[PDB]
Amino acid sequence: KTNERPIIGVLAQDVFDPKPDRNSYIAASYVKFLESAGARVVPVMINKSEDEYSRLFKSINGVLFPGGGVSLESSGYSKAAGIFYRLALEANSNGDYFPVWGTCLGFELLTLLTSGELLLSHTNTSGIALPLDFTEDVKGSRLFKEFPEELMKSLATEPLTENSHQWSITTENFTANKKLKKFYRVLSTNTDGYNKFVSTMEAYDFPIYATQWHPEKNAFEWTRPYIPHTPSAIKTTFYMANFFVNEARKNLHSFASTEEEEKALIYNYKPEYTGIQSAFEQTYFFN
């Protein structure tokens, strides 16, 4: 019994010096990530009412909190991400299956929403491709259950994952925190040469996945030199999103009416070519 028309919320985030028509943004590569695995996409605006997110939550089939650079405590992004997290946790234990994806900044907020503590520390990972260093919990995991055995060996040995974060959470800072330990299964770690930090994780009891690294960049962003683009980096982006969309198909929510749908979809927006100098080749800007 399945939803073969999934639609996924992707969270917008506060623009640095915000102006009308430029209050928040989404890099296009997050939209491509999901569409390529057979989902459609709805942007989730910054600074809306609790009721408004609650309407949309009940309409859409999952949410993704993208990476980026805004505050985890006082941004529109952080507030909205917080409502979805809470709504998502509520729906799942009611047996309404609703998955959540955290990427970089999104992963970092998930550690803050779950523990209630800002546990992040600097790492030299602002711009570098890395393999993954898997833990022993990987064999049992949901996230990587359908990855070809050969992609998994490639993951562990080749620099297939984009890192472009100044903050990470450390293996020790993670194990120490009671709340995180008992909530999230760690699936991979990484080192920056001095610090060993958590790189991919999934919740024991909820469809919540997070990567400190950017699975969306390998196939879709080309403006920096630390973005891997080898065939097996391309496959990695597909299989990561393929698993996530496959999670959203377990969700049966749907828009009230289909004209409502048409008006919510990312196809109403046109992104600009931000590639000549930004890290994003294209970005969507929202009032």
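We number the residues from 1 along the sequence you see.
The stretch 50 to 58 shows the higher mean C-alpha B-factor when 244 to 252 is compared against 50 to 58 in the entry. In this entry, 86 to 94 has the higher mean Cα B-factor, the comparison being between 126 to 134 and 86 to 94. In the deposited coordinates, the residue among 266, 279, 10, 15 with the greatest CA B-factor is 15. Sorting 213, 144, 204, 101 by the CA temperature factor given in the entry leaves 204 at the top. Placement of the Cα temperature factor of residue 218 within the chain: lowest third of the modelled residues, per the deposited record. Ranked against the other modelled residues of its chain, the C-alpha B-factor of residue 120 as given in the entry falls in the highest third. When the CA B factors of the chain's modelled residues are split into thirds, the value for residue 112 lands in the middle one. When the modelled residues of the chain are ordered by their C-alpha B factor, residue 74 lands in the highest third. Sorting the modelled residues of the chain by their CA temperature factor places residue 188 in the middle third.
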